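Just so we're on the same page: letters track the sequence lines, and every chain starts at 1.
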Amino acid sequence: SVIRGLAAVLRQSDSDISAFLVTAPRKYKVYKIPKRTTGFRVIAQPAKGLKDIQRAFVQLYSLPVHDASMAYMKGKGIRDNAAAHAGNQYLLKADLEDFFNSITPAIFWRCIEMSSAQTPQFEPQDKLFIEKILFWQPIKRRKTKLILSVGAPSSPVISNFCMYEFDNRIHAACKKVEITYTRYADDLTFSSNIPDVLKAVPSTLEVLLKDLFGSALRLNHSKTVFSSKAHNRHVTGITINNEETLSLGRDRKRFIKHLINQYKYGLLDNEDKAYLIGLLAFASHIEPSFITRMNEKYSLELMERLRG
Amino acid sequence: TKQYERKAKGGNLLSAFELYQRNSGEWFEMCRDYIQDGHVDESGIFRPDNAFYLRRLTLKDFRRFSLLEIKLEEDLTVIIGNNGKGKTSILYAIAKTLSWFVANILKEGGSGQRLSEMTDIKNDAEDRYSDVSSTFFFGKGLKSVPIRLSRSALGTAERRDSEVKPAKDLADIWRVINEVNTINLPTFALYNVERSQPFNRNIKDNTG
Amino acid sequence: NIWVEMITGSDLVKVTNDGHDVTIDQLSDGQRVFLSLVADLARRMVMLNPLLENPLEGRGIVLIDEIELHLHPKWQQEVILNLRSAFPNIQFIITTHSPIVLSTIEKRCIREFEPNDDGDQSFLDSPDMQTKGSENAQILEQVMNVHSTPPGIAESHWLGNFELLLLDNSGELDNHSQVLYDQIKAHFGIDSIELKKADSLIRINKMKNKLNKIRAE
Amino acid sequence: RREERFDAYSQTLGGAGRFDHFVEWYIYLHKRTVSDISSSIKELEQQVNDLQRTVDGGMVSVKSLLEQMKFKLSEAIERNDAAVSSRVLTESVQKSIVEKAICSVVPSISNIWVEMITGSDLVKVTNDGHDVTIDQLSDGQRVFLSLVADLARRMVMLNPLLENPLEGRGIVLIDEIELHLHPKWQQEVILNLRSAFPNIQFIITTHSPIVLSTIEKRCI
Amino acid sequence: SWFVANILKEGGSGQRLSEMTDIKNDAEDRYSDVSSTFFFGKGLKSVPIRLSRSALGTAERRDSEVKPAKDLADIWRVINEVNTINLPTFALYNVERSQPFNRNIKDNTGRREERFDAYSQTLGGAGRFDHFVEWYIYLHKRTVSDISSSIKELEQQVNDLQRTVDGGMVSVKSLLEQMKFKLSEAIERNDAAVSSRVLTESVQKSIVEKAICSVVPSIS
RNA sequence: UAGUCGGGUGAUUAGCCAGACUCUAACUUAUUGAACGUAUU
Ligand SMILES: Nc1ncnc2c1ncn2[C@@H]1O[C@H](COP(=O)(O)OP(=O)(O)O)[C@@H](O)[C@H]1O
Ligand SMILES: [Mg+2]
């Protein structure tokens, strides 16, 4: 049935879809992306044919996603995520270990079985094809190790779904004690105005993770961080200032001003100019007031010339 | 790259060092000044502009500890408790972590020490592995250097990996910069109760 | 002072210890162990900090377990101050059982285990009491949870019991209180702190009773 | 060598004790308590009798084996007789005495026993309510355990005729009694030692005012 | 040393260069290299090996390159495991070989009979003439003895013991099982010896005697 | 006191100025994929 649906969407024969899927878990290109300090991240991207199938699958089958999930959501993003916590004085951030690569077919099917909200029902015959669509085989010789790859177009949807029940439970628990909760992919954020309630959240998380996923998904204990208005507070790379407003942060703003000053004296190369323009668009989205101030500081004419 | 150049010009040490390694003057001097720059305070004491200290330590299923977190002072931290509270365990854990800096200052890709599979995992831990997580600070250009030492219990099928690359990356900066032009180097030392020993003047170490 | 002599035909390190010239082998274990620590540390700092005017102002992390090991109480009162003065940029992480050591250290530097922990405490914290410049007896009780007197000795309870007896008999020295008073006097002596405290209790209770009688009339 | 009575004098005045000798001796005691020597003699006697019957029945090939078994039997009887001749406390009683002494004097230790783990004998302790190996003990606990265990072993070996061998005579020297002890232990240590070893002359050195608070000025 | 280690054990390590003694004192590059090239027929004309060591604190590590030697040694090891082959001899005889003879010769545990005892201490500089004497006496005893006579004797003893157990003496069942195990072990050792395609002890003796007498002029 | 937030200045990722904050307590991260902002069509 899954095959027939995909074939219809992609205007291909059932036979050619089925044939392609036999070795689909191996049809991934692996490459490295530089980290911002030292080192690299290793990324696996599906081949074009497989990407098309994955996108078709996600189109055909709607999986439930909790409202606290902010990543990969139509019409939402990092601004909305940060804004959810801007009014609270105390902040807790937690992180999940090897989030995407921890999600296996076993976890996926367990989530389907456990799901409260109306999941699509799959025929047992289709289960094998679905696994081949959604999961990557990193080790050639070990056919038994299938995992989600962050580089796949279906992985965001599947990961959000797998966290649906988790999000339900923790959201409900937090609401009872006046804690705001949001999740951006593997990044969990908790905020409150009540002192000495966020301390219990990490223990609650560990229990819930064990209950739902056993040992498959775990907290990164080194990445559990408490903050308050006494210290720097950021959420997904957006600074929350002490006036409870979203900000780019002082250092980033000063850097932008530096680039504008360089542009004013024709010192910016084309690459840096392009860079500046892109940054200003983002700045306009997070902190429109900053753009107003730059217009005031630098002549509207200069800024228009830059953005033209 | 332009991204590294921006970060390096912003005062990031790791980016400056990466640029030095690819182009192998400007970047070398940035790295060397980061390590060497300092000032003499009112009391006549030299103070480095970029201080180096252990910020935080986390212990998971290590010896008696299920999950413990410690925040350390930049200057002096004193740990007190009854016998058997784990005061020595804490210093052991730190020393093993510091061994990774020492090993990599001495030799590229050197090996530091390990948690014992025989003794270091908590006896009643349901998950049969232990983690010692440390975060080090080295000035505002390198605010966080995270290290994790891990070990699974003897005979467990799933082995838990240590994460030591950040220690190696920092120790590499010290080693490489020193080779080109001498710099001052950090001292790491552990003095446990084994320091009490009978003296022998006649016994010489003929090794190094 | 410390110096090397070669004249005998073997190389000998000598020290002036309490005004006497001795060999390192002649030092007490306490002196030798502490000398060893400082000597070792200084050597390493000198070797690793060739560009500093004072190489002992270099950076590093030093861990010392049981800092009070083999030290007389007199030395325990100096040791942390001396180390921090000599090595001003080292991060020291220390363990101790000594209230005398703690009396020289700020409470912010102290991390205390909870008394009935059993190894599920999430975070270590400072003591509530300020330790730096505090009396030893207070540190013992407030920070180290140890009574000022040994609980397993009967005589340790006599002054407490004496006070209770005074309070039970409306402040008058009865036959029972007198017996215990005499026992305290006999055991601790005529000029003992314990007896003086007993005397003080008698005097204050007599005065309180006189007030009470005046008020009743 | 560790089961010989005068091993109690081995390295007695060397300063460290021999805690390794204690462990060996204690495991030995445990193995002997799990296996009786007379049953082995009875079993060996039965084997010798069975082998003698086979030799009497014309099987001359087993004569060499009979002679070996007779030797083993004679040795077992001699050991039994020597044990009998030494007029010694039973191995079970010896074990119990030492265990009680350790648990009474060492505050963190409530129990000590020998486990067969894998294929090698291990001494385990209940320390602060948790079962641990000796190698898991803190330095303070281990050092103090070592002192008491060693002393108890030697007293048991040297005082076989006493109902309580720890009530024997002797002179024990201890340098820096407070070594590695928290103040709470320092308040108990002299009391515990004197209670366990009532007839020993103790000559000790200390830097601890907490220790001195438990002692009469005449002793100082 | 790298060939010997890898013939004996998969992933065996040979000897490293010393950082203290092997590096030239005034080397600008602050590292040392020992590069060797071996030949093994026209199929393997070049087997390069490099031992390397850098000084402490150098910006780059200099590691040894030993894989080709290991690969070759692995061929010898693996092929030999399946079907016995002849193996290369490596030996070093330093001035140390001039040492006095310890006459009092040690009890044959039976390590000396093992084929890969031939690699024991082979590059230590002295040889092991003590091992020779033990092995040579061992060879003599085996030559004077019959082969499988112990097995035949053990077979006879197991048969006699089996008859006793069949006759109703259940007490000797434990001894029978032990003796059956000893017999099986003896057969296995004999079979392993048979499987190891080794020369008879008499022939081995003769070869060595002839060699010694031929090479050493004063010895007939 | 220290750390943090950051309105202004400043050929400007620095420095300087002003104002404020303090649950034991931020460490600024990752693409070609996904989402969002901008540009184009
Ligand atoms: N693997 C382990 N599992 C459980 N408890 C352990 C383990 N290792 C050590 N312990 C316990 O930890 C304590 C050791 O304390 P230690 O680290 O020496 O600190 P301190 O010097 O304060 O006594 C003892 O209570 C010992 O029983
Ligand atoms: Mg992009």
Side-chain angles (χ1 to χ4, degrees), chain B residues 61 63 114-130 151-160, chain D residues 1-4 7 18-41 43-44 47 68-69 72 75-76 79 91-92 94-96 98-99 102 109 111-127 130-137 142 145-146 149 153, chain E residues 8-12 107-111 113-114 116-117 154 172-189 192:
Chain B
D61 293 321
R63 297 188 171 182
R114 295 184 172 177
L115 307 174
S116 177
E117 64 197 335
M118 311 308 282
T119 59
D120 288 345
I121 295 83
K122 181 168 178 145
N123 291 337
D124 66 64
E126 199 178 285
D127 302 304
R128 287 257 79 226
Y129 69 90
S130 63
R151 201 76 192 259
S152 287
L154 189 78
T156 304
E158 292 176 359
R159 312 307 296 163
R160 179 85 174 139
Chain D
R1 283 264 288 221
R2 305 292 83 79
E3 338 311 349
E4 289 166 354
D7 193 61
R18 293 297 304 247
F19 181 57
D20 54 321
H21 292 188
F22 175 81
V23 175
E24 291 169 38
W25 176 82
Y26 185 66
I27 292 169
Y28 161 86
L29 274 169
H30 179 74
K31 290 196 286 200
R32 289 281 305 258
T33 48
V34 303
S35 69
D36 175 71
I37 205 170
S38 315
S39 45
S40 302
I41 294 174
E43 255 177 351
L44 270 149
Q47 279 178 5
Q68 269 177 9
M69 207 73 76
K72 269 184 282 181
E75 212 183 350
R79 268 188 195 117
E91 288 163 305
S92 163
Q94 291 183 359
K95 185 170 196 269
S96 176
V98 165
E99 291 177 351
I102 290 169
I109 300 179
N111 195 18
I112 185 163
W113 72 96
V114 179
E115 286 214 355
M116 169 42 73
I117 292 156
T118 62
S120 61
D121 289 293
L122 236 62
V123 175
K124 292 196 93 84
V125 154
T126 305
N127 181 46
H130 302 285
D131 300 356
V132 294
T133 62
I134 289 169
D135 38 308
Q136 293 178 309
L137 293 173
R142 196 178 68 255
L145 170 66
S146 296
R153 177 173 100 106
Chain E
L8 288 169
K9 275 282 273 70
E10 189 185 344
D107 183 18
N108 187 23
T109 21
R111 283 172 288 256
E113 2 155 12
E114 296 175 357
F116 291 162
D117 194 60
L154 270 149
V172 211
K173 283 279 206 290
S174 85
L175 210 87
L176 208 210
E177 278 289 293
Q178 269 177 262
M179 205 183 271
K180 276 282 184 78
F181 176 51
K182 269 112 71 183
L183 182 265
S184 296
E185 259 196 315
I187 293 171
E188 252 181 351
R189 268 275 282 89

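Remark: B/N123 CG to D/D131 CG distance equals 8.5 Å, nearest 0.5 Å. Rounded to the nearest 0.5 Å, atoms CZ (D/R153) and OH (D/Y26) are 14.0 Å apart. Atom CG of residue B/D120 and atom CG of residue B/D61 lie 12.5 Å apart, to the nearest 0.5 angstrom. To the nearest 0.5 Å, the span separating CZ on D/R32 from CD1 on D/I27 amounts to 15.5 Å.
Counting heavy atoms from C-beta outward, D/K124 and D/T133 have side chains that approach closer than 4.5 Å. Taking the side chain as every heavy atom from C-beta outward, D/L29 and D/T33 never approach each other to under 4.5 Å. At a threshold of 4.5 Å between non-hydrogen side-chain atoms, the residues D/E91 and D/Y28 count as touching. For the pair B/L154/B/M118, a side-chain contact is recorded, criterion being any heavy-atom separation below 4.5 Å from C-beta on.
Under the 4.0 Å criterion applied to side-chain N and carboxylate O atoms, D/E75 and D/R79 are assigned as salt-bridge partners.
In this structure, the side chain of B/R128 does not engage the main chain of B/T156 through any donor-acceptor pair within 3.5 Å. Looking only at distances, a side-chain donor or acceptor of B/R159 sits under 3.5 Å from a matching main-chain atom of B/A153.
Here the shortest heavy-atom pairing between D/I37 and D/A76 reads CD1-O, 4.5 Å. Of all non-hydrogen atoms in D/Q47 and E/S174, the two that sit nearest each other are NE2-OG, 4.5 Å. When every heavy atom of B/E117 is checked against every heavy atom of B/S152, the shortest pair comes out as CB-O, 3.5 Å.
With hydrogens and angles left out, the side-chain atoms of D/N127 and D/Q136 include no donor and acceptor closer than 3.5 Å.
By the 30° and 60° cut-offs, the orientation of the rings of D/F22 relative to D/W25 is tilted.
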